[PDB]
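Visitor: Below is input_31.pdb; it holds PDB, C-alpha atoms and all ligand atoms.
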MODEL        1
ATOM      1  CA  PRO X  32     117.228 110.836  36.909
ATOM      2  CA  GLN X  33     115.599 109.302  33.836
ATOM      3  CA  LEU X  34     112.608 111.579  34.384
ATOM      4  CA  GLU X  35     111.742 114.055  31.646
ATOM      5  CA  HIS X  36     108.339 115.364  32.734
ATOM      6  CA  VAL X  37     106.039 115.962  35.687
ATOM      7  CA  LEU X  38     102.271 116.072  35.417
ATOM      8  CA  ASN X  39      99.628 116.678  38.068
ATOM      9  CA  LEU X  40      96.589 114.787  36.803
ATOM     10  CA  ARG X  41      94.218 116.707  39.065
ATOM     11  CA  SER X  42      95.295 120.215  38.052
ATOM     12  CA  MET X  43      96.366 119.697  34.448
ATOM     13  CA  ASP X  44      94.634 121.361  31.527
ATOM     14  CA  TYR X  45      95.245 121.031  27.770
ATOM     15  CA  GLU X  46      98.482 123.020  27.679
ATOM     16  CA  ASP X  47      99.983 120.897  30.476
ATOM     17  CA  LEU X  48      99.219 117.527  28.897
ATOM     18  CA  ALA X  49      99.884 118.699  25.332
ATOM     19  CA  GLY X  50     103.087 120.334  26.575
ATOM     20  CA  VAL X  51     104.262 116.873  27.599
ATOM     21  CA  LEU X  52     102.905 114.814  24.679
ATOM     22  CA  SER X  53     104.121 117.134  21.906
ATOM     23  CA  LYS X  54     107.754 116.535  22.962
ATOM     24  CA  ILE X  55     107.510 112.748  22.579
ATOM     25  CA  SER X  56     108.586 111.440  19.155
ATOM     26  CA  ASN X  57     111.034 108.568  18.673
ATOM     27  CA  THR X  58     112.280 107.658  22.119
ATOM     28  CA  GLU X  59     110.644 106.560  25.357
ATOM     29  CA  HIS X  60     109.912 109.405  27.797
ATOM     30  CA  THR X  61     109.459 108.873  31.509
ATOM     31  CA  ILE X  62     106.803 110.909  33.278
ATOM     32  CA  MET X  63     106.121 111.435  36.959
ATOM     33  CA  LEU X  64     102.383 111.537  37.519
ATOM     34  CA  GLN X  65     100.583 112.851  40.571
ATOM     35  CA  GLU X  66      97.005 112.267  41.641
ATOM     36  CA  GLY X  67      96.323 113.504  45.169
ATOM     37  CA  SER X  68      98.808 111.872  47.530
ATOM     38  CA  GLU X  69      99.823 109.231  44.969
ATOM     39  CA  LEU X  70     102.883 109.898  42.853
ATOM     40  CA  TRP X  71     104.356 107.384  40.420
ATOM     41  CA  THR X  72     106.393 107.130  37.235
ATOM     42  CA  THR X  73     105.375 105.748  33.873
ATOM     43  CA  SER X  74     107.010 105.667  30.469
ATOM     44  CA  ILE X  75     105.341 106.208  27.090
ATOM     45  CA  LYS X  76     106.302 106.619  23.452
ATOM     46  CA  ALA X  77     104.668 107.632  20.202
ATOM     47  CA  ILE X  78     102.936 104.854  18.251
ATOM     48  CA  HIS X  79     104.297 104.269  14.751
ATOM     49  CA  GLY X  80     102.592 102.655  11.752
ATOM     50  CA  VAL X  81      99.399 104.666  12.236
ATOM     51  CA  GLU X  82      98.158 107.976  10.865
ATOM     52  CA  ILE X  83      95.048 109.861  11.982
ATOM     53  CA  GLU X  84      93.491 112.783  10.124
ATOM     54  CA  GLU X  85      90.986 114.891  12.043
ATOM     55  CA  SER X  86      89.720 118.195  10.595
ATOM     56  CA  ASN X  87      92.602 117.936   8.115
ATOM     57  CA  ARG X  88      95.060 117.822  11.026
ATOM     58  CA  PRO X  89      97.204 114.982  12.397
ATOM     59  CA  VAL X  90      96.329 113.262  15.680
ATOM     60  CA  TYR X  91      99.010 111.307  17.530
ATOM     61  CA  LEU X  92      98.767 108.157  19.638
ATOM     62  CA  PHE X  93     101.031 107.159  22.523
ATOM     63  CA  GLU X  94     101.376 104.033  24.642
ATOM     64  CA  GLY X  95     103.144 102.646  27.703
ATOM     65  CA  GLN X  96     106.125 100.380  27.182
ATOM     66  CA  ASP X  97     105.727  97.327  29.394
ATOM     67  CA  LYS X  98     103.091  96.576  32.041
ATOM     68  CA  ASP X  99     102.753 100.365  32.054
ATOM     69  CA  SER X 100      99.333  99.854  30.469
ATOM     70  CA  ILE X 101      98.861 103.519  29.572
ATOM     71  CA  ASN X 102      97.639 105.239  26.385
ATOM     72  CA  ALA X 103      97.456 108.889  25.373
ATOM     73  CA  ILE X 104      96.127 110.957  22.497
ATOM     74  CA  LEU X 105      97.336 114.347  21.261
ATOM     75  CA  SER X 106      95.086 116.420  19.044
ATOM     76  CA  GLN X 107      95.359 120.124  18.328
ATOM     77  CA  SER X 108      91.936 120.519  20.008
ATOM     78  CA  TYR X 109      92.151 118.076  22.905
ATOM     79  CA  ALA X 110      94.336 115.495  24.615
ATOM     80  CA  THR X 111      93.660 112.391  26.669
ATOM     81  CA  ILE X 112      95.376 109.894  28.918
ATOM     82  CA  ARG X 113      93.963 106.464  29.645
ATOM     83  CA  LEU X 114      95.411 104.342  32.419
ATOM     84  CA  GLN X 115      94.688 101.963  35.279
ATOM     85  CA  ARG X 116      93.919 103.308  38.747
ATOM     86  CA  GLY X 117      92.976 100.883  41.509
ATOM     87  CA  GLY X 118      92.014  98.241  38.964
ATOM     88  CA  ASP X 119      89.756 100.642  37.064
ATOM     89  CA  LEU X 120      90.347 101.980  33.570
ATOM     90  CA  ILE X 121      90.413 105.793  33.856
ATOM     91  CA  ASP X 122      90.109 108.437  31.109
ATOM     92  CA  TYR X 123      91.547 111.929  31.666
ATOM     93  CA  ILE X 124      90.180 114.370  29.091
ATOM     94  CA  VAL X 125      91.365 117.921  28.346
ATOM     95  CA  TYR X 126      90.072 120.226  25.597
ATOM     96  CA  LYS X 127      91.975 123.315  24.477
ATOM     97  CA  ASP X 128      88.876 125.459  24.035
ATOM     98  CA  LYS X 129      87.234 126.284  27.377
ATOM     99  CA  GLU X 130      83.718 126.464  25.909
ATOM    100  CA  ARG X 131      84.115 123.085  24.227
ATOM    101  CA  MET X 132      85.494 121.691  27.491
ATOM    102  CA  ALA X 133      82.370 122.944  29.273
ATOM    103  CA  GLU X 134      80.155 121.305  26.654
ATOM    104  CA  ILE X 135      82.046 118.030  27.041
ATOM    105  CA  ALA X 136      81.712 118.140  30.830
ATOM    106  CA  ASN X 137      77.961 118.770  30.520
ATOM    107  CA  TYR X 138      77.654 115.712  28.298
ATOM    108  CA  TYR X 139      79.228 113.489  30.953
ATOM    109  CA  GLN X 140      77.238 115.124  33.748
ATOM    110  CA  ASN X 141      73.974 114.519  31.899
ATOM    111  CA  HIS X 142      74.800 110.926  30.960
ATOM    112  CA  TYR X 143      76.430 109.550  34.128
ATOM    113  CA  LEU X 144      75.510 111.929  36.963
ATOM    114  CA  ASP X 152      81.227 106.265  43.687
ATOM    115  CA  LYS X 153      82.602 108.966  41.368
ATOM    116  CA  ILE X 154      82.076 107.833  37.757
ATOM    117  CA  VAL X 155      82.603 111.409  36.562
ATOM    118  CA  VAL X 156      84.937 113.917  38.221
ATOM    119  CA  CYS X 157      85.323 117.483  36.931
ATOM    120  CA  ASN X 158      88.464 119.308  38.051
ATOM    121  CA  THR X 159      88.103 123.089  38.122
ATOM    122  CA  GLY X 160      90.125 126.198  38.936
ATOM    123  CA  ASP X 169      86.525 127.045  34.890
ATOM    124  CA  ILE X 170      86.942 123.332  34.134
ATOM    125  CA  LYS X 171      90.530 122.094  33.746
ATOM    126  CA  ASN X 172      89.952 118.417  32.967
ATOM    127  CA  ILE X 173      87.460 115.571  33.139
ATOM    128  CA  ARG X 174      88.206 112.224  34.803
ATOM    129  CA  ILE X 175      85.960 109.341  33.734
ATOM    130  CA  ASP X 176      85.964 105.873  35.273
ATOM    131  CA  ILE X 177      85.407 103.694  32.196
ATOM    132  CA  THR X 178      85.232 100.485  34.211
ATOM    133  CA  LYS X 179      82.446 101.938  36.359
ATOM    134  CA  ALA X 180      80.600 103.297  33.315
ATOM    135  CA  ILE X 181      80.725  99.883  31.655
ATOM    136  CA  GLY X 182      79.544  98.179  34.854
ATOM    137  CA  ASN X 183      76.337 100.228  34.842
ATOM    138  CA  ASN X 184      75.433  99.196  31.276
ATOM    139  CA  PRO X 185      72.450  96.925  30.508
ATOM    140  CA  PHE X 186      72.289  93.879  28.174
ATOM    141  CA  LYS X 187      75.378  92.331  29.793
ATOM    142  CA  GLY X 188      75.547  88.635  28.936
ATOM    143  CA  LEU X 189      73.243  89.065  25.952
ATOM    144  CA  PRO X 190      74.521  87.783  22.609
ATOM    145  CA  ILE X 191      76.062  90.401  20.323
ATOM    146  CA  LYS X 192      74.281  90.305  16.957
ATOM    147  CA  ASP X 193      76.323  92.572  14.759
ATOM    148  CA  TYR X 194      76.752  91.054  11.268
ATOM    149  CA  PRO X 195      74.440  89.455   8.663
ATOM    150  CA  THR X 196      74.062  85.680   8.429
ATOM    151  CA  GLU X 197      75.963  84.171   5.479
ATOM    152  CA  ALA X 214     100.492  91.258   1.557
ATOM    153  CA  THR X 215     103.787  92.037   3.351
ATOM    154  CA  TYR X 216     104.408  95.314   1.634
ATOM    155  CA  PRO X 217     103.378  97.008   4.078
ATOM    156  CA  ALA X 218      99.949  97.540   2.584
ATOM    157  CA  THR X 219      98.194 100.724   3.696
ATOM    158  CA  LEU X 220      94.776 100.084   5.211
ATOM    159  CA  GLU X 221      92.727 103.299   5.343
ATOM    160  CA  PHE X 222      89.553 103.478   7.426
ATOM    161  CA  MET X 223      87.071 106.187   6.487
ATOM    162  CA  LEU X 224      85.352 107.185   9.706
ATOM    163  CA  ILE X 225      82.203 109.103   8.902
ATOM    164  CA  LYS X 226      80.532 111.173  11.626
ATOM    165  CA  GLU X 227      76.746 110.914  11.488
ATOM    166  CA  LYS X 228      75.228 114.389  11.238
ATOM    167  CA  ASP X 229      73.745 115.338  14.621
ATOM    168  CA  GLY X 230      74.968 111.921  15.749
ATOM    169  CA  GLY X 231      76.770 113.440  18.728
ATOM    170  CA  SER X 232      80.058 111.497  18.461
ATOM    171  CA  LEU X 233      82.608 113.329  20.620
ATOM    172  CA  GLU X 234      86.021 114.131  19.110
ATOM    173  CA  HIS X 235      88.066 112.388  21.823
ATOM    174  CA  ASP X 236      85.724 109.376  21.839
ATOM    175  CA  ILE X 237      86.401 108.756  18.145
ATOM    176  CA  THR X 238      90.164 108.729  18.622
ATOM    177  CA  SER X 239      89.788 106.683  21.823
ATOM    178  CA  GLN X 240      87.911 104.101  19.719
ATOM    179  CA  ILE X 241      90.698 104.334  17.129
ATOM    180  CA  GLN X 242      93.326 103.693  19.780
ATOM    181  CA  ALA X 243      91.597 100.400  20.603
ATOM    182  CA  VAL X 244      91.478  99.454  16.909
ATOM    183  CA  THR X 245      95.187 100.217  16.720
ATOM    184  CA  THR X 246      95.884  98.023  19.738
ATOM    185  CA  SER X 247      93.828  95.157  18.318
ATOM    186  CA  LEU X 248      95.744  95.317  15.032
ATOM    187  CA  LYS X 249      99.233  95.748  16.503
ATOM    188  CA  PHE X 250     100.167  92.187  15.528
ATOM    189  CA  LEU X 251      99.668  93.124  11.871
ATOM    190  CA  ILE X 252     101.354  96.534  12.240
ATOM    191  CA  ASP X 253     104.498  95.648  14.231
ATOM    192  CA  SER X 254     105.184  92.733  11.903
ATOM    193  CA  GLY X 255     105.053  95.092   8.940
ATOM    194  CA  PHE X 256     102.050  93.505   7.239
ATOM    195  CA  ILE X 257     100.037  96.738   7.234
ATOM    196  CA  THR X 258     100.112 100.398   8.120
ATOM    197  CA  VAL X 259      96.819 101.920   9.175
ATOM    198  CA  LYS X 260      95.318 105.276   8.311
ATOM    199  CA  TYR X 261      92.180 106.647   9.962
ATOM    200  CA  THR X 262      90.405 109.433   8.084
ATOM    201  CA  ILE X 263      87.724 111.188  10.110
ATOM    202  CA  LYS X 264      85.136 113.155   8.125
ATOM    203  CA  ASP X 265      81.917 115.012   8.812
ATOM    204  CA  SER X 266      78.866 114.132   6.726
ATOM    205  CA  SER X 267      75.360 115.394   6.117
ATOM    206  CA  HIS X 268      73.962 111.906   6.705
ATOM    207  CA  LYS X 269      71.439 111.675   9.558
ATOM    208  CA  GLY X 270      69.723 108.687  11.189
ATOM    209  CA  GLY X 271      66.908 108.069  13.669
ATOM    210  CA  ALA X 272      67.756 107.122  17.247
ATOM    211  CA  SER X 273      65.981 103.751  17.424
ATOM    212  CA  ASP X 274      66.666 102.724  13.818
ATOM    213  CA  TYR X 275      67.221  99.102  12.860
ATOM    214  CA  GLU X 276      70.864  98.348  12.158
ATOM    215  CA  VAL X 277      70.364  96.618   8.787
ATOM    216  CA  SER X 278      68.334  99.544   7.434
ATOM    217  CA  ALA X 279      70.771 102.032   8.979
ATOM    218  CA  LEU X 280      73.777 100.392   7.321
ATOM    219  CA  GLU X 281      72.066 100.224   3.920
ATOM    220  CA  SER X 282      70.987 103.844   4.277
ATOM    221  CA  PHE X 283      74.596 104.699   5.136
ATOM    222  CA  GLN X 284      75.927 102.945   2.040
ATOM    223  CA  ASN X 285      73.386 104.555  -0.272
ATOM    224  CA  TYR X 286      74.471 107.929   1.113
ATOM    225  CA  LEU X 287      78.135 107.128   0.397
ATOM    226  CA  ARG X 288      77.391 106.107  -3.178
ATOM    227  CA  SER X 289      76.110 109.556  -4.145
ATOM    228  CA  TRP X 290      78.418 111.556  -1.857
ATOM    229  CA  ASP X 291      80.685 113.621  -4.099
ATOM    230  CA  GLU X 292      83.152 114.173  -1.236
ATOM    231  CA  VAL X 293      84.180 110.483  -1.459
ATOM    232  CA  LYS X 294      83.819 109.997  -5.215
ATOM    233  CA  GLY X 295      86.208 107.308  -6.421
ATOM    234  CA  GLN X 296      87.130 106.218  -2.895
ATOM    235  CA  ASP X 297      84.759 103.250  -3.020
ATOM    236  CA  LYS X 298      87.353 100.561  -2.210
ATOM    237  CA  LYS X 299      87.945 101.512   1.430
ATOM    238  CA  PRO X 300      86.145 100.434   4.621
ATOM    239  CA  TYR X 301      83.631 103.057   5.754
ATOM    240  CA  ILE X 302      82.254 103.243   9.280
ATOM    241  CA  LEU X 303      79.394 105.509  10.384
ATOM    242  CA  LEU X 304      79.835 106.942  13.879
ATOM    243  CA  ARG X 305      77.248 108.179  16.383
ATOM    244  CA  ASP X 306      77.298 108.623  20.132
ATOM    245  CA  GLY X 307      74.112 106.594  20.548
ATOM    246  CA  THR X 308      72.991 103.117  19.542
ATOM    247  CA  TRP X 309      70.596 101.280  17.246
ATOM    248  CA  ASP X 310      67.545  99.071  17.763
ATOM    249  CA  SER X 311      66.343 100.793  20.953
ATOM    250  CA  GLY X 312      69.685 100.386  22.743
ATOM    251  CA  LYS X 313      70.239  96.746  21.829
ATOM    252  CA  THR X 314      72.756  97.271  18.997
ATOM    253  CA  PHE X 315      76.146  98.936  19.496
ATOM    254  CA  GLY X 316      77.622  98.275  16.070
ATOM    255  CA  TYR X 317      76.943  96.356  12.872
ATOM    256  CA  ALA X 318      79.245  95.179  10.088
ATOM    257  CA  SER X 319      78.294  94.591   6.445
ATOM    258  CA  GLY X 320      79.989  91.194   6.485
ATOM    259  CA  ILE X 321      82.665  88.989   8.002
ATOM    260  CA  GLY X 322      86.014  88.872   6.225
ATOM    261  CA  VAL X 323      85.352  91.384   3.476
ATOM    262  CA  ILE X 324      88.540  93.476   3.684
ATOM    263  CA  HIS X 325      91.120  92.355   1.110
ATOM    264  CA  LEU X 326      94.396  94.262   0.604
ATOM    265  CA  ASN X 327      95.238  92.936  -2.858
ATOM    266  CA  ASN X 328      91.772  92.847  -4.385
ATOM    267  CA  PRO X 329      89.578  95.207  -2.344
ATOM    268  CA  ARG X 330      85.822  95.160  -2.791
ATOM    269  CA  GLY X 331      84.353  98.287  -4.393
ATOM    270  CA  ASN X 332      81.149 100.354  -4.459
ATOM    271  CA  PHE X 333      81.285 101.033  -0.708
ATOM    272  CA  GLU X 334      80.378  97.391  -0.003
ATOM    273  CA  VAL X 335      82.740  97.277   2.970
ATOM    274  CA  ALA X 336      81.044  99.265   5.696
ATOM    275  CA  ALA X 337      79.876  99.283   9.268
ATOM    276  CA  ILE X 338      78.098 101.436  11.790
ATOM    277  CA  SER X 339      79.429 101.936  15.311
ATOM    278  CA  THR X 340      78.725 103.751  18.542
ATOM    279  CA  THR X 341      81.570 105.881  19.914
ATOM    280  CA  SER X 342      80.206 106.009  23.468
ATOM    281  CA  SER X 343      82.733 105.670  26.314
ATOM    282  CA  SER X 344      80.418 102.985  27.720
ATOM    283  CA  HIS X 345      81.304 100.886  24.674
ATOM    284  CA  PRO X 346      85.009 101.634  24.208
ATOM    285  CA  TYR X 347      85.996  98.743  21.905
ATOM    286  CA  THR X 348      82.965  98.571  19.617
ATOM    287  CA  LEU X 349      84.721 100.100  16.635
ATOM    288  CA  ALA X 350      87.614  97.654  17.015
ATOM    289  CA  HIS X 351      85.137  94.777  17.361
ATOM    290  CA  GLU X 352      83.232  95.681  14.173
ATOM    291  CA  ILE X 353      86.477  96.150  12.260
ATOM    292  CA  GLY X 354      87.466  92.757  13.659
ATOM    293  CA  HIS X 355      84.466  91.268  11.871
ATOM    294  CA  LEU X 356      85.294  93.146   8.633
ATOM    295  CA  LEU X 357      88.807  91.634   8.731
ATOM    296  CA  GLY X 358      87.445  88.120   9.273
ATOM    297  CA  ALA X 359      87.323  87.638  13.043
ATOM    298  CA  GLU X 360      84.410  85.666  14.482
ATOM    299  CA  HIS X 361      82.828  85.614  17.938
ATOM    300  CA  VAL X 362      84.665  83.503  20.543
ATOM    301  CA  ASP X 363      83.957  82.194  24.066
ATOM    302  CA  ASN X 364      86.895  83.947  25.725
ATOM    303  CA  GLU X 365      85.569  86.854  27.809
ATOM    304  CA  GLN X 366      88.892  88.720  27.629
ATOM    305  CA  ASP X 367      88.856  88.575  23.851
ATOM    306  CA  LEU X 368      87.788  91.604  21.827
ATOM    307  CA  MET X 369      85.549  89.263  19.824
ATOM    308  CA  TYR X 370      83.728  87.834  22.860
ATOM    309  CA  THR X 371      80.252  86.676  21.815
ATOM    310  CA  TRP X 372      78.497  88.417  24.700
ATOM    311  CA  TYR X 373      78.666  91.913  26.191
ATOM    312  CA  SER X 374      81.022  91.798  29.193
ATOM    313  CA  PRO X 375      83.218  94.299  31.109
ATOM    314  CA  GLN X 376      86.153  91.889  31.012
ATOM    315  CA  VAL X 377      86.669  92.404  27.278
ATOM    316  CA  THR X 378      90.084  93.754  26.240
ATOM    317  CA  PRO X 379      90.899  95.310  22.858
ATOM    318  CA  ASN X 380      92.994  92.284  21.889
ATOM    319  CA  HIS X 381      92.540  89.403  19.474
ATOM    320  CA  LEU X 382      93.516  86.466  21.671
ATOM    321  CA  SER X 383      92.114  83.773  19.387
ATOM    322  CA  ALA X 384      94.721  82.082  17.185
ATOM    323  CA  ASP X 385      91.891  81.048  14.871
ATOM    324  CA  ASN X 386      90.774  84.644  14.434
ATOM    325  CA  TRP X 387      94.394  85.543  13.577
ATOM    326  CA  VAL X 388      94.351  82.829  10.929
ATOM    327  CA  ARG X 389      91.007  84.097   9.611
ATOM    328  CA  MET X 390      92.267  87.674   9.485
ATOM    329  CA  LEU X 391      95.607  86.816   7.859
ATOM    330  CA  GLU X 392      93.900  84.760   5.164
ATOM    331  CA  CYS X 393      91.262  87.427   4.562
ATOM    332  CA  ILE X 394      93.543  90.427   4.002
ATOM    333  CA  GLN X 395      95.826  88.548   1.576
ATOM    334  CA  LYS X 396      92.993  87.957  -0.905
TER     335      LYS X 396
HETATM  336 ZN    ZN X 401      80.401  90.857  16.950
ENDMDL
END
Spit out the file's structure as C-alpha cells when you get a sec.

Guide:
Amino acid sequence: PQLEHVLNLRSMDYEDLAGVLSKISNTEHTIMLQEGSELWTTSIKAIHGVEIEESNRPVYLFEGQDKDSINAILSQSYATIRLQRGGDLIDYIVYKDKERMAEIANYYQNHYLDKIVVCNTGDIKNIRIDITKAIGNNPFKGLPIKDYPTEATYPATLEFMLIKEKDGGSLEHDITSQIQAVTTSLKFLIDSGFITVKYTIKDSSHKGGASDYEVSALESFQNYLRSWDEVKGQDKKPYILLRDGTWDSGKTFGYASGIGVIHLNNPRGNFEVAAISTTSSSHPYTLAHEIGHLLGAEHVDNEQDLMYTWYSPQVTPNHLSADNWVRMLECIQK
C-alpha cells in the first residue's frame, strides 16, 4: 500500500538499516517494523535545517511525523533507530565494521551487564539498549543540577564545534544521539527559519582526568582551544568538550561557561563560549541541556522540561518553558 520498506529489528545489521535510511530524502517514507511477534508501521523523513560533519563526512538525522515518536541516524560507519517500546525509550545500534560493532557491544556489556542490553547475533548484528531502564538505574536522581557559574531571521547559521576529549571514550553514535536531542530542543528556532544548525565533530589531543572538577576542566579546555592551530581563527563559535564519563566523581554531567552567551549578530570571541558534556547513553540530553544554558535557558520546575533543575527520568529534550523561549530569543538576537 503506502509501505516502502520492511525492517526486522531483531535481525537487522548496518546494511539493512542503512539500506532503508539512505533512500529517504524529501518525502515521508513508511516502514513496516518487526520485533518478534510484533509488527507495526511507522513513517519517518529526513530532518532539514541541520548539518553534521563527522570524520569529514555527512551524518543524517531522521524523525517520525506525528505521534510516531521515532528518530534515526545514518552515518557511513553506523546507524541507529530510537523509538518507544512498551513505554520505554529503546536504542537500536548497528555499526558497519564488525570489529567496531564488537567493541561497542563490549562497552555496553561492561557498563550495564530485565534486559537493559540485548545483543542480537547471527557475529553481532545489532545492539538494543533500553535507555529508560539505563536512566532508572542512575544515582543522584533528585539532586540539584549545578552546571553553570554564578553570575536574526536570516536564517543565521549556528555552528557547534564538538570536540572529542582524547581517550575520553565518547562513542560515535552517542555523540550524534546527543546531537539529535539538541536538534529536537531547537526545532522551534529551526522550523521558523530563525537559525540553521551545523554540528562539527572533531578529534583533539586534549586529555582530562576522570574525577576532575568541572570549573578547572572547562578552563583547561578553553586554554587548549586558544593554542590549537586546528581551530585558529574559529574563536567565535560555541565549543563543547565531549567524554563518555563525568566530572567531580560522578556528580557533574555537564558544565557551561555561562548562561545566555551565544549571540548571532555579535558573537563572543576568544573561545569564551564553551561547555563540557558527557555523551553517555545514561545521560541522553545533557548536551542539549548545556547548550540550552549557553543560549539563555534557565532551570525550571517542570520535570518534563529539558531544563529541569533536578536529575529525573521524566525529562524530555524539549524547551517547554515560555520564559526560556523568551530568554533564548532575546539572547541570540544580540
Ligand atoms: Zn543546568

Visitor: Which residues are near ligand ZN 401 (chain X) in this structure, taking near to mean any atom at most 6 Å from a ligand atom and counting only C-alpha atoms and all ligand atoms? Format them as a PyMOL selection string.

Guide: chain X and resi 191+193+361

Visitor: Would you compute the distance between atom CA of residue 39 of chain X and atom CA of residue 155 of chain X? Give it in Å to one decimal.

Guide: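 Going from atom CA of residue 39 of chain X over to atom CA of residue 155 of chain X covers 17.9 Å.
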
Visitor: Taking 3 positions as the minimum chain separation for residues in the same chain, which residues sit within 12 Å of residue 179 of chain X when counting all atoms listed in the file? Answer as number ranges by chain.

Guide: X: 116-122, 143, 152-155, 174-176, 182-184, 343-345, 375-376

Visitor: Enter the distance from atom CA of residue 341 of chain X to atom CA of residue 272 of chain X, in Å, rounded to one decimal.

Guide: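 The value is 14.1 Å.
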
Visitor: Point out the residue among X:92, X:349, X:382, X:223 with the least atom-to-atom distance to residue 364 of chain X, counting only C-alpha atoms.

Guide: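 Using only C-alpha atoms, residue 364 of chain X sits closest to X:382.
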
Visitor: If you apply the PyMOL selection byres (((chain X and resi 69-86) around 6) and not hetatm) to this file, what residues do you get, as a ChimeraX atom specification?

Guide: /X:56,59-68,87-90,92-96,258-263

Visitor: For residue 44 of chain X, list every protein, DNA or RNA residue within 7 Å, evaluated using only C-alpha atoms, and leave out those in the same chain fewer than 5 positions away; present the list as a list in words.

Guide: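 Returned residues: residues 125, 171 and 172 of chain X.
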
Visitor: Using only C-alpha atoms, which residues sit within 10 Å of segment 310-314 of chain X once same-chain residues fewer than 2 positions away are excluded, as a PDB file with C-alpha atoms, keeping the file's coordinate frame?

Guide:
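File around.pdb, as written:
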ATOM      1  CA  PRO X 185      72.450  96.925  30.508  1.00  0.00           C
ATOM      2  CA  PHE X 186      72.289  93.879  28.174  1.00  0.00           C
ATOM      3  CA  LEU X 189      73.243  89.065  25.952  1.00  0.00           C
ATOM      4  CA  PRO X 190      74.521  87.783  22.609  1.00  0.00           C
ATOM      5  CA  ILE X 191      76.062  90.401  20.323  1.00  0.00           C
ATOM      6  CA  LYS X 192      74.281  90.305  16.957  1.00  0.00           C
ATOM      7  CA  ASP X 193      76.323  92.572  14.759  1.00  0.00           C
ATOM      8  CA  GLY X 271      66.908 108.069  13.669  1.00  0.00           C
ATOM      9  CA  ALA X 272      67.756 107.122  17.247  1.00  0.00           C
ATOM     10  CA  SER X 273      65.981 103.751  17.424  1.00  0.00           C
ATOM     11  CA  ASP X 274      66.666 102.724  13.818  1.00  0.00           C
ATOM     12  CA  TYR X 275      67.221  99.102  12.860  1.00  0.00           C
ATOM     13  CA  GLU X 276      70.864  98.348  12.158  1.00  0.00           C
ATOM     14  CA  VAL X 277      70.364  96.618   8.787  1.00  0.00           C
ATOM     15  CA  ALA X 279      70.771 102.032   8.979  1.00  0.00           C
ATOM     16  CA  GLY X 307      74.112 106.594  20.548  1.00  0.00           C
ATOM     17  CA  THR X 308      72.991 103.117  19.542  1.00  0.00           C
ATOM     18  CA  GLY X 316      77.622  98.275  16.070  1.00  0.00           C
ATOM     19  CA  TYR X 317      76.943  96.356  12.872  1.00  0.00           C
ATOM     20  CA  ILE X 338      78.098 101.436  11.790  1.00  0.00           C
ATOM     21  CA  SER X 339      79.429 101.936  15.311  1.00  0.00           C
ATOM     22  CA  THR X 340      78.725 103.751  18.542  1.00  0.00           C
TER      23      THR X 340
END

Visitor: List every residue of segment 128-255 of chain X that has an atom at most 8 Å from any atom of segment 326-330 of chain X, and for each one report the closest atom pair and its distance in Å to one decimal, counting only C-alpha atoms, with rows sorted by chain and then by increasing residue number, as a Markdown table.

Guide:
| residue | atom | partner | partner_atom | distance |
| --- | --- | --- | --- | --- |
| X:214 | CA | X:326 | CA | 6.9 |
| X:218 | CA | X:326 | CA | 6.7 |
| X:220 | CA | X:326 | CA | 7.4 |

Visitor: Those residues with C-alpha atoms, as a JSON list (two decimals), in the coordinates of the input please?

Guide:
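Produced file selection_29.json, reproduced below:
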[["chain", "number", "residue", "atom", "x", "y", "z"],
["X", 214, "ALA", "CA", 100.49, 91.26, 1.56],
["X", 218, "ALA", "CA", 99.95, 97.54, 2.58],
["X", 220, "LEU", "CA", 94.78, 100.08, 5.21]]

Visitor: Please evaluate the PyMOL selection byres (((chain X and resi 254) around 12) and not hetatm) against the displayed coordinates and give the resulting residues as a VMD selection string.

Guide: chain X and resid 79 to 80 214 to 218 248 to 253 255 to 258 391

Visitor: Give me a file of those residues, with C-alpha atoms, as an mmCIF file, keeping the file's coordinate frame.

Guide:
data_model
loop_
_atom_site.group_PDB
_atom_site.id
_atom_site.type_symbol
_atom_site.label_atom_id
_atom_site.label_comp_id
_atom_site.auth_asym_id
_atom_site.auth_seq_id
_atom_site.Cartn_x
_atom_site.Cartn_y
_atom_site.Cartn_z
ATOM 1 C CA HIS X 79 104.297 104.269 14.751
ATOM 2 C CA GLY X 80 102.592 102.655 11.752
ATOM 3 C CA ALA X 214 100.492 91.258 1.557
ATOM 4 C CA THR X 215 103.787 92.037 3.351
ATOM 5 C CA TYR X 216 104.408 95.314 1.634
ATOM 6 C CA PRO X 217 103.378 97.008 4.078
ATOM 7 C CA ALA X 218 99.949 97.540 2.584
ATOM 8 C CA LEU X 248 95.744 95.317 15.032
ATOM 9 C CA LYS X 249 99.233 95.748 16.503
ATOM 10 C CA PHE X 250 100.167 92.187 15.528
ATOM 11 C CA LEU X 251 99.668 93.124 11.871
ATOM 12 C CA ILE X 252 101.354 96.534 12.240
ATOM 13 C CA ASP X 253 104.498 95.648 14.231
ATOM 14 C CA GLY X 255 105.053 95.092 8.940
ATOM 15 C CA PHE X 256 102.050 93.505 7.239
ATOM 16 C CA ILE X 257 100.037 96.738 7.234
ATOM 17 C CA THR X 258 100.112 100.398 8.120
ATOM 18 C CA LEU X 391 95.607 86.816 7.859
#

Visitor: Residues within 12 Å of (72.1, 102.3, 1.0), file coordinates, counting all atoms listed in the file: what are they? Give the list as a count of residues only.

Guide: 23
